[PDB]
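S.K.: My structure file entry_7.txt, compact mmCIF, C-alpha atoms, is below:
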# COMPACT_ATOMS: atom_id res chain seq x y z
CA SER I 1 47.76 9.49 21.40
CA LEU I 2 50.44 7.01 22.39
CA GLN I 3 52.19 7.92 19.14
CA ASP I 4 52.22 11.57 20.20
CA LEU I 5 53.50 10.47 23.60
CA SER I 6 56.27 8.41 22.01
CA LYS I 7 57.46 11.11 19.61
CA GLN I 8 58.27 13.67 22.31
CA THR I 9 60.73 13.06 25.15
CA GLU I 10 60.30 16.25 27.23
CA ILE I 11 57.97 14.50 29.68
CA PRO I 12 59.39 11.09 30.71
CA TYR I 13 57.19 8.04 31.22
CA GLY I 14 57.59 4.55 32.60
CA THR I 15 56.05 1.60 34.40
CA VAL I 16 56.39 -0.70 37.39
CA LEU I 17 59.40 -3.02 37.37
CA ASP I 18 58.92 -6.68 36.37
CA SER I 19 55.25 -6.01 35.60
CA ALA I 20 53.59 -7.77 32.68
CA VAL I 21 53.48 -4.41 30.87
CA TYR I 22 57.21 -3.92 31.48
CA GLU I 23 58.17 -7.30 30.01
CA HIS I 24 55.66 -6.79 27.17
CA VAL I 25 57.37 -3.53 26.21
CA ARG I 26 60.79 -5.17 26.54
CA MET I 27 59.63 -7.96 24.22
CA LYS I 28 58.16 -5.53 21.68
CA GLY I 29 61.16 -3.20 21.61
CA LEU I 30 63.85 -5.81 20.94
CA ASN I 31 62.06 -7.62 18.09
CA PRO I 32 63.42 -6.26 14.78
CA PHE I 33 60.69 -8.07 12.82
CA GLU I 34 58.04 -5.93 14.53
CA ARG I 35 55.91 -3.93 12.11
CA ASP I 36 55.37 -0.85 14.31
CA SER I 37 58.67 0.66 15.46
CA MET I 38 57.14 2.87 18.19
CA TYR I 39 57.80 0.31 20.92
CA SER I 40 61.48 0.22 19.95
CA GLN I 41 61.57 3.92 20.88
CA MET I 42 59.48 3.61 24.06
CA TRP I 43 61.80 0.88 25.34
CA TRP I 44 64.64 3.41 25.23
CA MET I 45 62.47 5.62 27.43
CA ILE I 46 61.86 2.78 29.87
CA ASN I 47 65.27 1.03 29.88
CA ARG I 48 67.23 4.15 30.89
CA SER I 49 70.01 3.44 33.40
CA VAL M 1 75.51 -2.02 9.79
CA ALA M 2 74.92 -5.77 9.38
CA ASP M 3 75.64 -8.16 6.48
CA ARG M 4 79.33 -7.32 6.37
CA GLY M 5 82.70 -7.72 7.96
CA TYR M 6 85.91 -6.61 6.32
CA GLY M 7 88.52 -9.00 4.99
CA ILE M 8 91.54 -9.52 2.76
CA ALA M 9 92.33 -12.25 0.23
CA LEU M 10 95.08 -14.88 0.34
CA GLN M 11 96.10 -17.58 -2.12
CA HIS M 12 93.54 -20.39 -2.12
CA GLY M 13 94.22 -23.60 -0.21
CA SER M 14 96.98 -22.26 2.04
CA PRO M 15 97.19 -23.18 5.75
CA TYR M 16 97.21 -19.41 6.52
CA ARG M 17 93.58 -18.58 7.36
CA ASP M 18 92.86 -22.03 8.83
CA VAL M 19 95.04 -21.21 11.87
CA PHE M 20 94.82 -17.39 11.86
CA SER M 21 91.36 -17.25 13.48
CA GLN M 22 92.65 -17.75 17.04
CA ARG M 23 95.57 -15.40 16.32
CA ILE M 24 93.03 -12.76 15.32
CA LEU M 25 91.24 -13.47 18.60
CA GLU M 26 94.58 -12.83 20.32
CA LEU M 27 95.04 -9.54 18.46
CA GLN M 28 91.49 -8.61 19.50
CA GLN M 29 92.12 -9.44 23.16
CA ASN M 30 95.39 -7.48 23.09
CA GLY M 31 93.52 -4.57 21.52
CA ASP M 32 96.26 -4.41 18.88
CA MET M 33 93.61 -3.56 16.30
CA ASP M 34 92.41 -0.87 18.70
CA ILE M 35 95.94 0.59 18.82
CA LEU M 36 95.96 0.60 15.01
CA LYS M 37 92.49 2.20 15.03
CA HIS M 38 93.67 4.96 17.37
CA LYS M 39 96.62 5.48 15.02
CA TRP M 40 94.50 5.61 11.85
CA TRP M 41 91.44 7.31 13.43
CA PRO M 42 92.89 9.59 16.13
CA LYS M 43 90.09 10.46 18.54
CA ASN M 44 91.45 13.99 19.06
CA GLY M 45 92.48 14.63 15.47
CA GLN M 46 92.79 17.92 13.61
CA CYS M 47 89.01 18.45 13.63
CA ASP M 48 85.85 17.58 15.51
CA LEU M 49 83.84 15.42 13.11
CA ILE S 1 37.21 -21.28 39.77
CA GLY S 2 39.54 -18.30 39.58
CA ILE S 3 38.56 -14.73 38.74
CA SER S 4 40.14 -11.27 38.85
CA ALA S 5 41.75 -8.93 36.32
CA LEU S 6 43.18 -12.19 34.96
CA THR S 7 44.57 -11.99 31.42
CA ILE S 8 44.59 -14.82 28.89
CA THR S 9 48.20 -15.41 27.94
CA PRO S 10 49.45 -18.47 26.01
CA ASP S 11 51.98 -19.54 28.67
CA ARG S 12 49.08 -19.90 31.12
CA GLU S 13 46.79 -21.77 28.68
CA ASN S 14 49.25 -24.67 29.15
CA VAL S 15 47.96 -25.49 32.66
CA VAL S 16 44.52 -23.87 32.93
CA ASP S 17 41.68 -23.82 30.40
CA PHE S 18 40.29 -20.28 30.26
CA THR S 19 36.73 -19.64 29.14
CA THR S 20 35.84 -17.32 26.29
CA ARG S 21 36.78 -13.78 27.28
CA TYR S 22 34.16 -11.39 28.65
CA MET S 23 36.05 -8.15 27.89
CA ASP S 24 39.09 -6.93 25.96
CA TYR S 25 42.41 -5.90 27.53
CA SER S 26 43.71 -2.42 26.72
CA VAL S 27 46.89 -0.51 27.65
CA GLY S 28 46.44 3.13 28.62
CA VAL S 29 48.26 6.22 29.88
CA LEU S 30 47.36 8.74 32.61
CA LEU S 31 47.98 12.49 32.29
CA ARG S 32 47.12 15.79 34.00
CA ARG S 33 44.85 18.27 32.20
CA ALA S 34 46.32 21.52 30.87
CA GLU S 35 44.68 23.86 33.49
CA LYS S 36 43.65 27.10 31.69
CA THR S 37 45.89 29.62 29.92
CA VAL S 38 43.79 32.82 29.73
CA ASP S 39 43.33 35.52 32.37
CA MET S 40 41.90 39.04 32.39
CA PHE S 41 45.25 40.72 33.21
CA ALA S 42 47.45 38.95 30.64
CA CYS S 43 47.82 42.32 28.86
CA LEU S 44 49.40 43.87 31.98
CA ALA S 45 51.49 40.80 32.98
CA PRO S 46 54.48 41.83 30.78
CA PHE S 47 55.24 44.21 33.67
CA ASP S 48 55.39 42.96 37.24
CA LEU S 49 52.54 44.26 39.41
CA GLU X 1 59.86 -35.21 28.68
CA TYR X 2 61.01 -36.75 25.39
CA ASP X 3 63.60 -39.55 25.66
CA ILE X 4 65.82 -38.56 22.72
CA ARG X 5 66.76 -42.19 21.97
CA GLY X 6 63.83 -42.55 19.58
CA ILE X 7 65.06 -39.92 17.12
CA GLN X 8 68.47 -41.62 17.33
CA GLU X 9 68.35 -44.00 14.36
CA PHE X 10 66.81 -41.14 12.36
CA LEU X 11 69.50 -38.60 13.28
CA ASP X 12 71.92 -41.34 12.23
CA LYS X 13 70.45 -42.45 8.88
CA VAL X 14 69.67 -38.87 7.79
CA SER X 15 73.27 -37.81 8.30
CA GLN X 16 74.60 -40.09 5.60
CA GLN X 17 72.50 -38.13 3.09
CA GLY X 18 73.95 -34.75 4.08
CA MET X 19 70.96 -32.91 5.49
CA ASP X 20 71.74 -30.08 7.93
CA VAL X 21 69.56 -31.33 10.79
CA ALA X 22 69.47 -29.24 13.97
CA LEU X 23 68.13 -30.04 17.43
CA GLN X 24 66.64 -27.66 19.95
CA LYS X 25 64.81 -28.32 23.21
CA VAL X 26 61.65 -26.27 23.83
CA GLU X 27 61.79 -24.60 27.22
CA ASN X 28 59.22 -24.64 30.02
CA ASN X 29 58.98 -20.82 29.67
CA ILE X 30 58.43 -20.20 25.96
CA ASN X 31 58.20 -16.40 26.10
CA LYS X 32 61.50 -15.94 27.91
CA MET X 33 63.11 -18.54 25.64
CA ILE X 34 62.12 -16.43 22.65
CA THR X 35 63.14 -13.06 24.09
CA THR X 36 66.48 -14.57 25.15
CA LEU X 37 67.13 -14.94 21.41
CA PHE X 38 66.43 -11.28 20.63
CA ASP X 39 68.44 -10.13 23.65
CA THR X 40 71.56 -12.15 22.75
CA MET X 41 72.07 -12.61 18.98
CA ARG X 42 73.29 -10.44 16.12
CA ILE X 43 70.84 -9.09 13.56
CA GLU X 44 73.22 -10.82 11.14
CA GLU X 45 72.28 -14.12 12.82
CA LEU X 46 68.51 -13.67 13.28
CA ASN X 47 68.15 -13.28 9.49
CA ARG X 48 69.82 -16.72 9.17
CA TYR X 49 67.98 -18.46 12.01
CA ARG X 50 64.60 -17.33 10.66
CA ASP X 51 65.64 -18.99 7.38
CA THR X 52 65.77 -22.38 9.14
CA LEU X 53 62.36 -22.25 10.89
CA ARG X 54 60.63 -22.36 7.48
CA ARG X 55 60.84 -26.18 7.65
CA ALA X 56 60.54 -27.77 11.09
CA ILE X 57 59.26 -30.84 12.93
CA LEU X 58 57.44 -30.76 16.27
CA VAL X 59 57.64 -33.89 18.44
CA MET X 60 55.63 -33.04 21.54
CA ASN X 61 52.27 -33.06 23.29
CA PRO X 62 49.42 -31.03 21.77
CA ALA X 63 48.80 -28.70 24.73
CA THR X 64 52.39 -27.46 24.37
CA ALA X 65 52.18 -27.27 20.56
CA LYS X 66 49.16 -24.94 20.79
CA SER X 67 51.13 -22.64 23.09
CA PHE X 68 54.32 -22.75 21.01
CA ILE X 69 52.69 -22.16 17.60
CA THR X 70 50.60 -19.30 19.00
CA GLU X 71 53.82 -17.68 20.27
CA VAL X 72 55.85 -18.09 17.07
CA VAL X 73 53.04 -17.06 14.69
CA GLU X 74 52.29 -13.94 16.75
CA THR X 75 55.89 -12.67 16.92
CA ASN X 76 56.35 -13.04 13.13
CA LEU X 77 59.18 -15.58 13.07
CA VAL X 78 57.13 -17.51 10.46
CA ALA X 79 55.57 -16.13 7.28
CA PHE X 80 52.81 -17.35 4.91
CA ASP X 81 54.94 -20.19 3.49
CA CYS X 82 56.43 -22.39 6.24
CA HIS X 83 55.66 -26.12 6.48
CA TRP X 84 55.69 -27.70 9.97
CA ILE X 85 55.05 -31.42 10.47
CA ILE X 86 53.38 -32.25 13.81
CA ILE X 87 53.72 -35.93 14.77
CA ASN X 88 52.26 -37.76 17.77
CA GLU X 89 50.59 -41.06 18.58
CA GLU X 90 47.47 -39.45 20.12
CA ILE X 91 45.83 -36.22 18.97
CA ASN X 92 42.11 -36.10 19.68
CA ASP X 93 39.87 -34.43 17.11
CA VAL X 94 39.17 -31.43 19.35
CA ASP X 95 42.86 -30.61 18.90
CA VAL X 96 42.89 -31.41 15.18
CA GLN X 97 40.36 -28.55 15.08
CA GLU X 98 42.56 -26.30 17.24
As structure tokens - that is how I would like this structure written.

M.R.:
Amino acid sequence: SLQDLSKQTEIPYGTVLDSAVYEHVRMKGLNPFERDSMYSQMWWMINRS
Amino acid sequence: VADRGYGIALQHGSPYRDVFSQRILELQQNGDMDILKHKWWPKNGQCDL
Amino acid sequence: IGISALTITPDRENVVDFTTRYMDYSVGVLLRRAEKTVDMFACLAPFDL
Amino acid sequence: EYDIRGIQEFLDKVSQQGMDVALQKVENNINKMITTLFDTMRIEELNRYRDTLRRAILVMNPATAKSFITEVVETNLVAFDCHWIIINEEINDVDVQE
């Protein structure tokens, strides 16, 4: 599952720059009022460097 | 953590705080607090924390 | 008329009037299968051939 | 598009009575307006800003109000208790139902 993807970090994952999915993850990850924290982890997989 | 910044009391109704804000901004820009922090929390102290 | 993998998003509903949707939008992830782990000589493999 | 000289005897008269009125323009790019909040404010400040939104007034055309509300309500900046007035001279019934 995407949860089981987001828990581990030994295989990295990402997406195409400026895509709708990219900005959607950026939006999800920064929002502290979000119910499901998973995106706030995945963003730190995608935002690296 | 949020909610909190440190502070110290002074006698009510004095001109002191009213004009200290910019002086604190000076002390921040000088890093004078950072010099005091290095003093009181030495980064290469007796032990690795 | 305009038609493609077009996604209803609120910022676009301000200038074009989408119909009712014909299918749901879903985010997914691609992976490579785990090959296979078992072979007939796995009991000899602790020594090189 | 709103010529802010309508709400200019209101922003006067109200401010005798000591209400804490605040303005804000609504951008042409609502999503990036919103995420520019989360990318640039303290968590100490968000928990105060979200206390203001509980009581708000929208002064704008309905096709923007539908796209603003749907963006606020979906990102959870408003709970089950807010009260937003929505004033205009012309809302047709198909938008009263939307």

S.K.: Quick one: contact table of chain X to chain I, 8 Å max, nearest atom pair and distance in Å to one decimal per residue, counting all atoms listed in the file, chain and number order, as CSV?

M.R.:
residue,atom,partner,partner_atom,distance
X:35,CA,I:27,CA,6.2
X:38,CA,I:30,CA,6.1
X:39,CA,I:30,CA,6.9
X:75,CA,I:34,CA,7.5
X:76,CA,I:33,CA,6.6
X:77,CA,I:33,CA,7.7

S.K.: Give me the residues near region 1-18 of chain I as a ChimeraX atom specification, where near means some atom within 8 Å (using all atoms listed in the file) and where sequence neighbours in that chain fewer than 2 positions away do not count.

M.R.: /I:20-23,38,41-42,45-46 /S:29

S.K.: Can you pull out every residue within 12 Å of residue 53 (chain X), counting all atoms listed in the file, but drop anything in the same chain fewer than 4 positions away, and send it as a ChimeraX atom specification?

M.R.: /X:21-24,46-49,57-58,69,72-73,76-79,81-85

S.K.: What's the 7 Å shell around region 10-21 of chain S, counting all atoms listed in the file, without same-chain residues fewer than 4 positions away, as a count of residues only?

M.R.: 3

S.K.: For region 7-24 of chain X, take all atoms listed in the file, fit an axis-aligned box around them, add 8 Å to each of the six sides, then output centre and edge lengths in Å rounded to one decimal, as AutoDock Vina command-line options.

M.R.:
--center_x 69.8 --center_y -35.8 --center_z 11.5 --size_x 25.5 --size_y 32.3 --size_z 32.9

S.K.: Counting only C-alpha atoms, which residues of chain X sit at most 9 Å from some atom of chain M, and what is each one's closest atom pair with its distance in Å to one decimal, listed by chain and rising residue number, as a tab-separated table?

M.R.:
residue	atom	partner	partner_atom	distance
X:42	CA	M:2	CA	8.4
X:43	CA	M:2	CA	6.7
X:44	CA	M:2	CA	5.6

S.K.: In Å, rounded to a single decimal, give me how far CA of residue 9 (chain S) is from CA of residue 62 (chain X).

M.R.: 16.8 Å

S.K.: Output the contact residues of chain S with respect to chain I at a cut-off of 12 Å, based on all atoms listed in the file, as a ChimeraX atom specification.

M.R.: /S:6-7,9,25-32

S.K.: Using only C-alpha atoms for the distances, tell me which of S:34, S:8, S:48, S:43 is nearest to chain X.

M.R.: S:8

S.K.: Rounded to one decimal in Å, what is the spacing between CA of residue 23 (chain S) and CA of residue 5 (chain S)?

M.R.: 10.2 Å

S.K.: Counting all atoms listed in the file, a student should be able to say which residues of chain X come within 9 Å of chain S; what is the right answer, written as a PyMOL selection string?

M.R.: chain X and resi 28-31+63-64+66-68+70-71

S.K.: Put those residues in a file: C-alpha atoms, as an mmCIF file, in the frame of the given file.

M.R.:
data_model
loop_
_atom_site.group_PDB
_atom_site.id
_atom_site.type_symbol
_atom_site.label_atom_id
_atom_site.label_comp_id
_atom_site.auth_asym_id
_atom_site.auth_seq_id
_atom_site.Cartn_x
_atom_site.Cartn_y
_atom_site.Cartn_z
ATOM 1 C CA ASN X 28 59.220 -24.640 30.020
ATOM 2 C CA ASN X 29 58.980 -20.820 29.670
ATOM 3 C CA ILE X 30 58.430 -20.200 25.960
ATOM 4 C CA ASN X 31 58.200 -16.400 26.100
ATOM 5 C CA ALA X 63 48.800 -28.700 24.730
ATOM 6 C CA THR X 64 52.390 -27.460 24.370
ATOM 7 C CA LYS X 66 49.160 -24.940 20.790
ATOM 8 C CA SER X 67 51.130 -22.640 23.090
ATOM 9 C CA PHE X 68 54.320 -22.750 21.010
ATOM 10 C CA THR X 70 50.600 -19.300 19.000
ATOM 11 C CA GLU X 71 53.820 -17.680 20.270
#

S.K.: Please report the interatomic distance between CA of residue 7 (chain M) and CA of residue 33 (chain M) in Å with one decimal.

M.R.: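 That distance, rounded to one decimal, is 13.5 Å.
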
S.K.: With a distance cut-off of 12 Å and only C-alpha atoms, select the neighbouring residues of region 3-6 of chain X, excluding the residue or stretch itself and same-chain residues fewer than 5 positions from it, and output the selection as a PyMOL selection string.

M.R.: chain X and resi 11-12+23-25+59-60

S.K.: Output as a compact mmCIF listing (two decimals), in the frame of the given file: region 12-34 of chain S, completed with N, CA and C atoms.

M.R.:
# COMPACT_ATOMS: atom_id res chain seq x y z
N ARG S 12 49.98 -19.40 30.09
CA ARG S 12 49.08 -19.90 31.12
C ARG S 12 48.05 -20.89 30.58
N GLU S 13 47.72 -20.83 29.30
CA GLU S 13 46.79 -21.77 28.68
C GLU S 13 47.35 -23.19 28.63
N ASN S 14 48.60 -23.37 29.04
CA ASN S 14 49.25 -24.67 29.15
C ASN S 14 48.88 -25.44 30.41
N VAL S 15 48.25 -24.81 31.40
CA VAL S 15 47.96 -25.49 32.66
C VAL S 15 46.56 -25.18 33.17
N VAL S 16 45.91 -24.17 32.60
CA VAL S 16 44.52 -23.87 32.93
C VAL S 16 43.77 -23.52 31.65
N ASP S 17 42.49 -23.87 31.62
CA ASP S 17 41.68 -23.82 30.40
C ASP S 17 40.67 -22.67 30.50
N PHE S 18 41.13 -21.47 30.15
CA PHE S 18 40.29 -20.28 30.26
C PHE S 18 39.00 -20.44 29.46
N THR S 19 37.95 -19.78 29.93
CA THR S 19 36.73 -19.64 29.14
C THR S 19 36.96 -18.64 28.00
N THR S 20 35.95 -18.50 27.15
CA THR S 20 35.84 -17.32 26.29
C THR S 20 35.92 -16.05 27.12
N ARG S 21 36.59 -15.04 26.57
CA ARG S 21 36.78 -13.78 27.28
C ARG S 21 35.48 -12.98 27.35
N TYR S 22 35.31 -12.26 28.46
CA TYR S 22 34.16 -11.39 28.65
C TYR S 22 34.45 -9.92 28.36
N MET S 23 35.71 -9.53 28.22
CA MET S 23 36.05 -8.15 27.89
C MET S 23 37.49 -8.11 27.38
N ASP S 24 37.77 -7.11 26.54
CA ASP S 24 39.09 -6.93 25.96
C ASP S 24 40.05 -6.21 26.91
N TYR S 25 41.33 -6.49 26.74
CA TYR S 25 42.41 -5.90 27.53
C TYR S 25 43.04 -4.76 26.74
N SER S 26 43.23 -3.61 27.40
CA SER S 26 43.71 -2.42 26.72
C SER S 26 44.73 -1.70 27.60
N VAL S 27 45.85 -1.30 26.99
CA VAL S 27 46.89 -0.51 27.65
C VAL S 27 46.57 0.97 27.52
N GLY S 28 46.77 1.72 28.61
CA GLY S 28 46.44 3.13 28.62
C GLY S 28 47.48 3.95 29.37
N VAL S 29 47.32 5.27 29.29
CA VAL S 29 48.26 6.22 29.88
C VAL S 29 47.47 7.30 30.62
N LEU S 30 47.99 7.73 31.77
CA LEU S 30 47.36 8.74 32.61
C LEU S 30 48.12 10.06 32.50
N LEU S 31 47.38 11.16 32.41
CA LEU S 31 47.98 12.49 32.29
C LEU S 31 47.18 13.49 33.13
N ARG S 32 47.77 14.66 33.35
CA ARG S 32 47.12 15.79 34.00
C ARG S 32 46.68 16.84 32.99
N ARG S 33 45.43 17.28 33.11
CA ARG S 33 44.85 18.27 32.20
C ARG S 33 45.63 19.58 32.24
N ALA S 34 45.47 20.37 31.16
CA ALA S 34 46.32 21.52 30.87
C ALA S 34 45.93 22.79 31.64
